[PDB]
């Protein structure tokens, strides 16, 4: 219910959501050909970030209300009372900005590929391999946004900036989330 009891609505979700990530990444072109080490280490290390990008749809910047799977609604303007970490706050700010970007289906999910393969290299053997792939996936993402967002160019680089921002969200707020299973 009340104050910080909102983590039960976000709780239940996103750890079940862990595995949607693994299949998604299964469809990523070239992923399955990376070292079995790295693929999992990369999944392990960027999953959280993929969730961030992916739960941005949960928030309605227009109505300033996130809606969890199960569809109980709150408000970023209420629950910042409510004791609701400051995470879901941080989640607000990030997601409406990325939401403003008005990506498309095809784009939003390519961006997401690039975000997984961009995951912290720390646990990774073949980084030179993993950068080959990000740089390729980051190819398709340049022309698609130039294609679909022609005098809207900036969207491309404004996406490359979201990345350490997610880096940080991850290394700031991870401790309390994926550790559910």
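Numbering follows the first chain given and starts at 1.
- Taking the PDB entry as given, 77-85 carries the higher mean Cα B factor of the two stretches 93-101 and 77-85.
- Looking at 161-169 and 14-22 together, the entry lists the larger mean B-factor for 14-22, computed on C-alpha atoms.
- In the deposited entry, the Cα temperature factor of residue 123 places it in the lowest third of its chain's modelled residues.
- Per the deposited record, the Cα B-factor of residue 69 falls in the highest third when ranked against the other modelled residues of its chain.
- When all modelled residues of the chain are sorted by CA temperature factor, residue 152 is found within the highest third.
- Sorting the modelled residues of the chain by their CA temperature factor places residue 46 in the lowest third.
- In the PDB entry, a CA B factor belonging to the middle third of its chain's modelled residues is recorded for residue 133.
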